[PDB]
Structures are given as C-alpha cells and as structure tokens.
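Note that the chains are named A, B, C and D in the order they appear, and that numbering of residues resets to 1 at the start of each chain.
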Amino acid sequence: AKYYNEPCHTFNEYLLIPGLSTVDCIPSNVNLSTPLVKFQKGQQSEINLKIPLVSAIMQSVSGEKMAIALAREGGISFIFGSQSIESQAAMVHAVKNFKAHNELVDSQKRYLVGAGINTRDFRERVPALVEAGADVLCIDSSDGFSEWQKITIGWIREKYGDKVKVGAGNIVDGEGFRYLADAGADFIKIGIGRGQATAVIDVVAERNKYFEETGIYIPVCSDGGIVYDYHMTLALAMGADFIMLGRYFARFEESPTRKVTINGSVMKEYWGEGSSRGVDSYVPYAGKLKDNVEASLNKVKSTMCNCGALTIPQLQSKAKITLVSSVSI
Amino acid sequence: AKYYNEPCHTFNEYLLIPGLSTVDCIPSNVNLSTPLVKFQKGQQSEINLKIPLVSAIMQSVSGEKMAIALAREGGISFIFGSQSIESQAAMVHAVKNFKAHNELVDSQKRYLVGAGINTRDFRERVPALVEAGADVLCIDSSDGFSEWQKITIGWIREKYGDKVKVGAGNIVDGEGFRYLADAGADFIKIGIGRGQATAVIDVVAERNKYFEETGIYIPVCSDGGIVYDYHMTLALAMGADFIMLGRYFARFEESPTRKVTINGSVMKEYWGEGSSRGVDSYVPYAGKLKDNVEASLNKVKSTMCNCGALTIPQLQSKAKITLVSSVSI
Amino acid sequence: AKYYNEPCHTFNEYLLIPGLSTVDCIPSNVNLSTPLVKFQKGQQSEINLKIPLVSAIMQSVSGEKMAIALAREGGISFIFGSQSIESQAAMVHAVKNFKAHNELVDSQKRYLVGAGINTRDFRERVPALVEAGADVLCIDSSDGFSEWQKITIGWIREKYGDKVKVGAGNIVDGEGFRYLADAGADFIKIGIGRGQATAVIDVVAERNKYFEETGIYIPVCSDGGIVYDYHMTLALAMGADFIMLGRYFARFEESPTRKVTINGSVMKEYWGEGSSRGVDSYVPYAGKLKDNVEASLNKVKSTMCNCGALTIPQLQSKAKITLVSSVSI
Amino acid sequence: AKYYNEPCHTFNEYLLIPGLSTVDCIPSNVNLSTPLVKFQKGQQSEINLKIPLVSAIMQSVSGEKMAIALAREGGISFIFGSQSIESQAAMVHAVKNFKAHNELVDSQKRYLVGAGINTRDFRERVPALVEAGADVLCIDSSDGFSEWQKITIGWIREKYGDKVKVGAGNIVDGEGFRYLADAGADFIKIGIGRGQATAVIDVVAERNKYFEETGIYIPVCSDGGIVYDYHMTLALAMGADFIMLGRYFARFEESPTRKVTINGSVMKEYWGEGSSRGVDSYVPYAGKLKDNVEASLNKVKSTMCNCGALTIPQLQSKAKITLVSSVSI
C-alpha cells in the first residue's frame, strides 16, 4: 500500500489572512471572469465565464429554467444526462433558442449551455447534443480515473477534433488529473476519497506543473464540499477556476423540483443522482437565483479585496492561507 | 518505559484514493480468494478461502448452522471452545458430516470448519477436535503474546507436526507477531492496546520483513474493529489476508442466538465471551447470511476496482491510503 | 497561494506552567501598569495605563459613564464613533470636564479618554475630538491592513505631528503590523482570519523585531477572544501590552444599554457594531464595574506570582507557555 | 515567553501495548511495594508501601478511620491539616495508638500515618505532629514551586535533620522537581498548568537525571487525574512510584463524610479543600475500602502481567506506551 503523511483537510479548517487593501479595491471593481476550457500559453480561453459558478449535473438542479437564469448572470448549467437522449437534447435546444447584464452568450447572442454525458451511450448521445446546440459537455462520474473516460474523450476527438469541448473526471489527486489531461479533457472536475481542500490543493499543484511542462493550461472545477460563501472564496484562492454546486441552486425558484410547504416552511425537493429516484430530502426555498447569487458574489468580492485582489488570478497568487486548529472549530 | 511517536489510528481515519480503473475491472471479475495458513515461497497455501470473511470464536455467533452457511459462501467458522470438549467436537462432527457455489469444501467434498481452543485443556481438547474432523484450530485469547501460546503450539507440533493447522494470538505489534511466528503459528490474529488500523499496518510490515527473511508467508487476520463494509476493504488493502467478525454475523438467521421482538423491531441476542453468560445486548436482525454477505462483498469488489485491483494481492500493492483529519470526521 | 504549516490556536489551547515564586510576590505587590502609546529606547511612554484593560469602541459598551468608571480604576475607554461627530465630541467633553485610587488622570487632573474614528470623516471628526479634549484616538476597523489607515494616520501627522496619538488597525500577522508601524500608528490592535493566540504571538514577534531594528517600541492590543480571566493573563504573557474587551464591560451598571429582567434574570442589552442596530442579544448583569474588575485583576496578579512575575514585562519574559491537547479540552 | 512544542496529554490518550507474559506471571505473584521516601544508591527506602495508593490530604477523605483502613491494606493516609493543630495531632495519635495482611506498620507494630502541613504554622504544627507520632509529613499546596516550600523544609532539616520525613510540592515540570529536590524534599508530588501524563513523564525524566547525577533516588507521586484503574497502571508505568487519590477514597464507608440517600441512590459528601466549606458535591457510595482497593489492584496486577512485569520497577522499564488519536477517543 502507499501511505500519505499529512491527513486531508476540509474547507472548514482554513482561513484567509488579510493582505494589503488599496483604495482602488472595492467590490464594484472586482472582476470574476474565469476560463472554462483549456488553452495554451499566449491565448485566451475560447469560453470564459463571467462568474465562477456552474450548476451541478443533476435532475433536481440543472433544467432549462435554471440554465437560462444562470446564463443570464454569467454562469453556465450542465443539463442532466440522467434522462433520455431525446429529452436532454430538447432541453439543450430550448435554452439555445429561448430568445424569440453579465449574460453568458454566444456569437448569435444565444445563452450558453452545457450537457452531462456518460461513458456508455456517448456514441448516440454526443451527436444529438452537438446538433441541439450544446456549447460544452461534461462526463458525469464520481470516479473519473478510468479507461472509460479516456475512451469517451478519444471518440469525441476522433469524430470532432477540438471542435467539441468535453469536461471530465472527478479525480482527487495529481495522478488522476494527469491521466485525464493527457486523455484530452478541456477542463477537469475535482471532488470525491479525499477532503475537498487537500484534493484541490494537490490537483492545482499538478495542473501548474503540467502548464509549465506543456504550455497548456487546463481549468479545474471544485465540485461540492462548499457549505458557505467563504468556502467559495477559499476554493478559488486555492487554485480552482470555477465551482460546481448542487444543493445551493436547488433552493431557487428556477430549479426543476417542487416547492413543498411543510408546516410553515416552504421547501424544495432535492434528491441525489444515485437515489432510488443517494438521498431524497428538502432544501429551504430561497427565492429567485439572481438575488441569491448576487448576495453570495458580493461577499466574495469583499473578501477578495481584504486579500488585495481585483481578479481571481490575483487572488490565487496573493492569498495567504492558514490552517485552523481542531479546537478552534 | 518505551514511547511511540505517532498515535494509533482507527479505520475511520482512513480513505482509499482511487487508482486507474481498466475496462476489464468489473465486480464480477474480482477474485476474493485468500490463503488461510502459512506456506513458503513458490507454493500455494494448503487452504485458501473463497471470501476473506471468517466468523468469530463466540457462543453468540459460531455454531453449526453458522459454520455450514458460511462455508457454503466460501468462508469458514471457528466453532466456539467455550463449551465442553464433547459438545464442541460434536458440533465439528455435525458440520463435517452434514452432507448426507463458492463452497469451501475438502477432498471428500465436506464443508470446512475451524475450532477455537484454549491454552489449558489443549491436551484433551485438541485430539478430540482432530478426531472429530476439525480442519483448522485457533487459540482463542485477547493477548496471545505469552509463553502459554508457545507451549500449546509446541505440544501440537510435537504430537502432530505440520499436519494440524493452528492459528494463534491476538497481538498488536511486530514483536508479538514475530514471537508467534517463531513459535510455529500457521496464521496470526491481530487486534486488541492499539488502534486497529495501526496494529494491522505494523504487524503486516513485520510479516513482510519475516517473509523476506525466511521465505515463509504467514497470513494475518484482522479481528474486530470493522464498523462498515468500507472498513473491510481498508483492512485488506492495509495487508490483512482475511477478517474475523462477531457482531456482523450475530445478526443473521444462522447465528445460534434467539430472535427477540422488541416493540416492532426484531433483534437477536449477542453477548461477549467475557460476559457473565463482557456485554449482553442485541443486534438488529438482518435475515439470512447469504444475502447480506453478498451485499457486502459486492461493495468491496467495486471499491477494489476503483483502486484498479482484481485480486486482494493487487489491492495490497496498488492501494493509495490517506489519513483523514479529525475535523473531517 | 501562500500556505502556513502550523494551524492557529485559540487561548483555550494554552496553559502557563508555574515558575519560582519568591516570598515577596504577593498580589498586593504586583504592578499592572502598561504603556499605551509608542516611545523610543531610553524613554517612557507619554501615557501609561494603571491596569491593562480598555473598553471596546462600541455603542453598547463605551459611553461617558463607562469612560469615567474605567478611568477611575486605571483603564481607558474609547467612546464609540458610530454616532454623529457632535455627539461623540460632546461625550468626550463630558468625561474631560466631569470633575466639577488608580485613577488615570492628566496634567489638569482630568480623567483620560479615547475616541474611535473611521477612515472617512476623519477630516471633520478628528479636529472636533481634539478640540473636545480626546487624549487618544483609535481607527475602528476589523481589517486595518489597508491604504485607508495609512492615509488617515498620514493626514493626522501632517496636521498635528506627534501631538495627536492615533491607534490603528486590527491586523493578525507581522506583515500587517509592519505596515501600520511604518504608517505611524502609536499602538496597534490585533484580532480578526486567525486564532487569537497565534495572531498575538506572531505580531508580538514582529513588534520585537521592529523594536530591535528601529529602537521604537509600539504597544500592541489584543482585541477580543478573551473568554475568561485566565485568558487575560495569557494574552499579556504572550506579549500584548493591554487588552480590549466588549462583552466583559457591557454587563456592568455603567454600560450605556438597558437592563432587562427576563423571567428572574436581570440582563443587559448587547449588540455588535455591524448589527442592524452583527448580533443583538443580552449579557448577564454583573453590577458595578469596580467590583468586577477588582475580582478579575486579583486573579491575574495571583497567576502572575505563580509565574514569579511582579510586573507585566517580567511576566512576558518569564512565562512558560505550553499547548494543550485537543482531547485535554 | 518560553514556548513548548508538543502539547501536553492526559492519561486517556495513552495505551499500554502488551509485552511477553511468562508462565510465572500471575496476579498472585505480582509485588506492589514501592518506596515512599528518598534513599541513596545501594540502600532501600526507610519506608516502603505495600500498595502504591495513598489518600489525599483532604477533609472529605483523610480522617482517622480512613488512615487505619488504608494502612491495614498496605497504603498510607495523610491526615488533613485544614483543621486546628490540636485536632490534627489528636487524629495522628488516635491512629498510632489504635491497637489496644499487608498492614503498613512500624517497629512497635503500630499503623503508619502521614499528616499534611502548610507553609505558615509549621513552627507550631510540625513539633505537635512529630510528638503525636506522625510517620511522614507532606506540604499541602497546589503550586509548590516557591520559596515558601524551601523555607519550611529548611526549618525542619535544621530542627530535626533527616529524622523527620517531609514530602513536598505539586510541581509539573523538571525545573520544579529539581528545585524541591535540592531543597531537601523526601518525595515530590506531581500535578497541577499541565496535562497529568506529560507532567509525570517530564518530572520522572528529571528525577532519573537527578539520580544519575547525585546517586539519590527521590520517589514521585502522581496526585490526581486518575479516572479509571487503567490510569493507575499507566501512572506507575510512566515512572510514578505511588499515586494520591481523593474522590476514589471519598466513596468508601471509612471516609469522614456523611452518607446521603438521594432518591434511591446512596451517596457520600465530597468537597474540595478550596471550597467554601472548590466544589461540594457527592460521590457514589462504594462500601468498605478493602473490597474496592482489592478489585482495583487485582486489575493492575493483571495488566502488569500483560506487560510482563512482576514488580513496579520492572513495569517501568518494560512498559511500551503509545499515544492514541483524538478520534480514537
């Protein structure tokens, strides 16, 4: 067996120590754009998000209403692939053709959308999603450190080359990152076997090494493990380019689930992809996406300024991160 | 006094980090056979289990019905020795002659059975068990780091040579392993004075050193400390060849205890060997052994594939084990 | 990102190990004077407190009655600046002209008072406070590691030179201390992004380095994080010259808030500066300031003698501080 | 300030790892004698206890009935000095002249008794205690790292030389041990500012260094912090010669307090020396001392044999002590 010295930590065991704030660092001046897909040294990503938030590839969160509402604020949704190929493509088409502000829009001024895909029916599913207008694809899996991901990406590259953008994984260490990077993934999702903070720190380190070695920068996504807005700032500071959230978005008016009034409290349904529908429960109703996202990002921008950073890249180089003692928590 | 630097950890403080999964790694392809008794370099163990699970040497778990049901699935039971020599031998005989699938069977196609023995009446007890047809014996003790174990094994070797297989101990460090290894034990039980995970890791390390030094491989058994199926995978990954469980098997229809309906919930009786019958309580009734064991082992096989291993030996060399922070738990 | 090895600790994870107590170390002989403002090698601070306690710059704690009561015991209050410039100046004037024992008094035998100021209206506010008779000023901010603090101090030095004493900050590391030290702050407040004990230890270390480099000693203030009297002794031992407390003083008869009887228990109102009035709650009523402060300081003096120190400076050099294990707490 | 790297641990964070048990190690063969007072290389202590247990210098535990009952089993009590000199001397006299088995008896076959003394009235108190027949004296104090202890011991040595045995302290580190050792203390009490286990380990280390340097062996006493019988074995293994217990003995029929029946449960009164009578509560009634002590020591003897030791000195050299993880607890 191979053992690891330091134990892995969660986002709750960390704190950002303030840096120097200049007079020009005010929330309104903070830029939250981030690259969504890989590019090489000297270039910009073909797709850049206006806000570093993306919605999870789930039935209870990423539907057409969520996709439209999120794209309007600058983020992107990955319509769930846990439905028929015909239904998913229909949903993708619905978002693309909806029209007829930090809106994430394409050349034809249509909202951007991503779609989740699996390692089984990709041959039939990918073409349908591409035809429907999907802007980005992401292989949905809790453990993407497998041949199956390599094969799926390979088929896509053979059939479409670099025309089709495929995100992949859910790896927790540099070894898994490296494997998917070589396989051809446009961005890599982090999160499973390891505390979220350590996973991010380790993968980002490998990602940086890979960039110095190949000149190719692959954006990484922290998927889950975020319990508070502060954790959002921490994930980005540690090197994640954007964050994927499930429960956070399922509370909104736009999530596909039903609102349920349980003795005074209005809730929304929420179940996991691995549920027999994994969990099935409720999240407190929070209203419309816009107002909530705005509240969250305003707090992220302020924290960024406490760290003396006007952009995510600055935050990532300037951030002073410290571990907190168990007793302190 | 002699002090130790790192504190000992339990199985709950560890996590397996995924390795590369090949297309050929599917639960159905995973082989769970393990050696039960020592053998030397270039040979196979005389006895190999089909599944790495063995039932505890207890009154509330290892009876004749349990022995038959477990042997049928590929494991083995150690009939409790906390009864008369005549009763225990009768039970051994009952299992051996029951007949008249991963069944653990002998040359005459009879189910395999083990029996627990103590360091007191072995002179009268061993012969009776051997005559009755016992396939393996195990010295039952919570602290086997004593002269008494050496003496008992010695008597057996003098009287029967290597014809009779005796398991021994319950040691927690390499020093105790080494002592019992030299004494002649065919396999060594781990578990007491030390967190289960650390105990396993340390003994296995000594076991490996001993194998390189003598060419003799002695299988080790993690006895207790397993609270979940995942812990089963962890114990094997850390180097244990098979696991001994008590409470796990006492829930089944086949354990020797009484089913008790306590206001809606059907339970089964469970008491420790050191009880005044140690504890005396209840475990939730789980039904027949077969269905439960199958559920557990299916989850072990999947995890193994997440680690990219098709056999226990591969798991033991490929496993990437990390410690988890206190706060993460 | 920049990471830190050791995690930060709170005051609860520390213990003072006794030193040699001489026959001459009795509570009555302990001297609790401390410097409030910076001075250079070979000189005494222009202002020295008789007791190391100062009240927080809050609406629910630092009013005119509190200022008079605290100054009478040897400490000083910083009248809150979260009110109009006219009101705050009036309050300052009220304390200065109240007259017509470890009393902290000036040349004209008038009680000493401090006032909180912000980085916005200082141009209009500072002159009013100075004219009103304010003895010390302190920039109120949770994160003072910013250009805004430098600018405010700079304006004051340009307009008044070293005639006006300005405290600043709320930094948690040496880098923030250094910045405010160079900016011209007369004393620096510690406390936010980092466990209180570690913050104090790190800043004090920098403060000591700065003193050796420039010959200027800048007194530091531990603001908050003190839950018990013992923590008071710990903060001073670690190097803090004086302590700022909010909740502690809000319990007294002299705090500006209302006494409220809640089913048998008399409480006092307490709300944070960042409340929509931050929290709004109650603290148990404790009576008059005098009797409580006396009880607290008597316990500090005894502990000091257990450490064999008759003054704070001796405590700071003689203290033997140890970390306590998580389980011990 | 002086800081310490490793945090201090309690007895709950440790475990004894078994050693080799020989056939001759049975509880009945274990010898629990320990030296009570200092002696030099090549000699035996003038006073040796038959069991390593001594009762605390408290009003709720060490009275004449307790002293007689404990001496009969081989231990010794230190009659409380928190009473008049006349009362304490009377109690000492009562035990000495009571007569008219591991009994701790003197030359005249009278039970042995100790008495607590303070650093104030020793001039009047010591002579009275000596005249009354006190066999050993102990300076009662929670922090004995002071000039006052040196002075008291000095007076005694000047007046009586080495004829009168005085125990001293309550120190937690080697520095405090060293000070009292040089002052002339016959034995030193450990326990306060530091986790009990670490305190014992550190003082014992200093005690060993002192013995190698001077040839004088000073017995150390672990005072308090023992919550279970296992902790007793741990304290001795770590190097403490004997243990002082308060609550443990206050449960017995022989403690000086009142038995109180509180709705079905018979309790005994228990208050601390620093109580306004410190705490005042109840401990569960346990019956007569004999039966309880016997149960405790039988468990200590067995554990000793699991460590392969027939005497305390063997235990102290053979013990394999490991730290346990926070999560394991």
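In the analysis below, a residue touches a chain if its C-beta (ideal position, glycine included) is under 8 Å from a C-beta of that chain, and two chains touch if they have at least 3 such contacts.
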Exercise. Is it true that over half of the residue numbers where subunit A touches subunit B are used by both copies, so same, or is it different?
Worked result: different
Seminar exercise, completed: dist(centroid_CA(subunit B), centroid_CA(subunit D)) in Å evaluates to 44
Exercise. What whole-Å value do you get for the distance between subunit B and subunit C if each is reduced to the mean of its CA atoms?
Worked result: 63
For this session: Would you mind listing the residues of subunit B that make contact with two or more other chains?
Result: 13, 326
Exercise. Considering only which chains touch which, how would you classify the arrangement: line, ring, star, complete or other?
Worked result: ring
Seminar exercise, completed: Chain pairs satisfying touch are A-B, A-C, B-D, C-D
Problem set entry | Footprint of subunit B on subunit D - complex, ascending | 13, 15-23, 201, 237-239, 306, 316-317, 319-328
Problem set entry | For the subunit A and subunit B complex, residues of the former touching the latter | 1-10, 12-13, 143, 145-148, 151, 171-173, 175-176, 179, 192-195, 326, 329
